[PDB]
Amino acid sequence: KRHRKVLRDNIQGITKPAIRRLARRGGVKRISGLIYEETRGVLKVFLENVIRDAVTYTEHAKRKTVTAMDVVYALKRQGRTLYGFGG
């Protein structure tokens, strides 16, 4: 077959500018240079926790596809209830 291209270091796709923009929506005016690596850390931990629960739902359903409902159920569990994607 083709097998998938190796995924490494994707957390660095969360660029300094993208983190500036998020901070601006959050009302931040000045940003220490250490903030970018601290945000990447926090984001990885958030995504790992949501995805681990999404994928648990996927596995319990005996599917190989993670659905929007899987994610929504994971978010609800985590007390980050999301509107706009079902349920």
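Heads up: residue numbers just count along the shown sequence, starting at 1. Between two forms, the rigid core is defined as the largest C-alpha subset superposing within 1.5 Å.
- Per-stretch RMS Cα distance to the displayed form in 5 other deposited structures of this protein, following rigid core alignment, is highest for 8-16 when 8-16 and 63-71 are compared.
- Averaged over Cα atoms, the B-factor as recorded in the entry is higher for 58-66 than for the other of 41-49 and 58-66.
- Annotation for residue 11: C-alpha temperature factor in the highest third relative to the rest of the modelled chain, per the entry.
- Ranked by Cα temperature factor within the chain, residue 84 sits in the middle third according to the deposited record.
- For residue 76, the recorded CA temperature factor ranks within the highest third of the chain's modelled residues.
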